[PDB]
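What follows is one chain in structure tokens, specifically the form deposited in one PDB entry.
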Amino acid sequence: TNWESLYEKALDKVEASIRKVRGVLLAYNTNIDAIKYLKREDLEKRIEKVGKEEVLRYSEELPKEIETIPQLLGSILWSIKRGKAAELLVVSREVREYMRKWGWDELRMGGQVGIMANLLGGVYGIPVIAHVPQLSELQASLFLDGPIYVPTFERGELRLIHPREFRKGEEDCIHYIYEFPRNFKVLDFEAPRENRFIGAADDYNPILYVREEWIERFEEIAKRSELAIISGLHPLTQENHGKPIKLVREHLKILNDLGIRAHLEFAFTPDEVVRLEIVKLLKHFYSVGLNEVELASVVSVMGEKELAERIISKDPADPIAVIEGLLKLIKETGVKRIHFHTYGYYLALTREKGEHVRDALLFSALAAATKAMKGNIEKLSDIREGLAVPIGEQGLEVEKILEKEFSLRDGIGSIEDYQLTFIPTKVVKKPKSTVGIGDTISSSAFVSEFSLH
């Protein structure tokens, strides 16, 4: 397969079409990300001062919400050991204070809503209508210029205004991002993949706080959009899910009634009652996006523990096991589209036939490579710089497996009445950071694919 030629042609095709989109609704979680680039000596001294044995215990136990500093350091170590992204609520004032003093190297726009708003609106030029729980001064300052809007109502009429006008009195919602590189060393551990641990320390996003005007006037807001991306459900628990999930179903009903194509961005959802609820919610979505650990966790709660294990047991996620999981998911939910992304390759399983599915995946992989290389995408010209990143060797090896097991040509084949679409990713050898690449991938492919028709 001439993947370099396909990548170049996909970039030009999507650039010609991407601005066609009338508008994209983004809800619900926006926050500020405070990013720390972990260093071995600093982490080792913090672990020693806190109690190494206790930290290690927490690095081998299932992460739960963080109440003590050993739990925090052990959850970071949990993520390093496995090269996996954990995200836990920091519910203790003492630990929030510890993290605040530990500090951050930079501040970035955070949350699925905010990251996709800055990309789709600030970079691609598509109008976005964004739900921001708390639009503090700092929160507002992290939005790019461009057609990014938050809804307001004046005498009953909808007015879209730019978010860099902050709302006086609303609070900063801080999430701490602890980034570590591939092969990061601490004690006798070494990270098998670049990744991060996220300590979520705000009081609005964990409960899926929704602003009153979105509760009252959702339909009027949603009419300004052609597509919707829904996120933020991952922190909910069996104890607090009732009110948020009830609202989300009401909004999804309106999106369905208006014919607005909706995409659910999955994040790892530890609470199994909420995780299964989200799987049931997918019966009202057109598209869903997820990675290898999320797919496994979903297949696991659908009664396929052995298959879930097969999905996460190999470093390049076992492509056959992944596809078996995607088939089970699309059959149970009836979604029209699943976009799977992992280290080395993406897969899509879709009702839609044709090359536009692959065009969108390749475009999104160019966006991912640029984001990995630069840390943040600032302008459309950045995406073309992703063409120089070489195609990873893992992706090419996975393609060989898929061509023996399926009838595939240039990444396209059939399973039952679905199209299977594969691409190998362009892998940056030393990325700056990883937070936000998933959002960049899922939003870029979902929106660009729609724009190609």
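A residue's number is simply how far along the shown sequence it sits, counting from 1. Just so we're on the same page, rigid core means the largest C-alpha set that superposes within 1.5 Å between forms.
Below, we turn to the form deposited in another entry, even though it does not appear here.
Following superposition on the rigid core between this form and the one not shown, the residue from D271, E277, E304, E179 with a C-alpha displacement of 2 angstroms or more is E179, and no other. Relative to the superposed core, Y58 undergoes a C-alpha shift of no less than 2 Å between this form and the one not shown.
Core-superposed comparison between this form and the one not shown: the Cα of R261 travels less than 2 Å. Once both forms are fitted on their rigid core, the CA atom of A222 lies less than 2 Å apart between this form and the one not shown.
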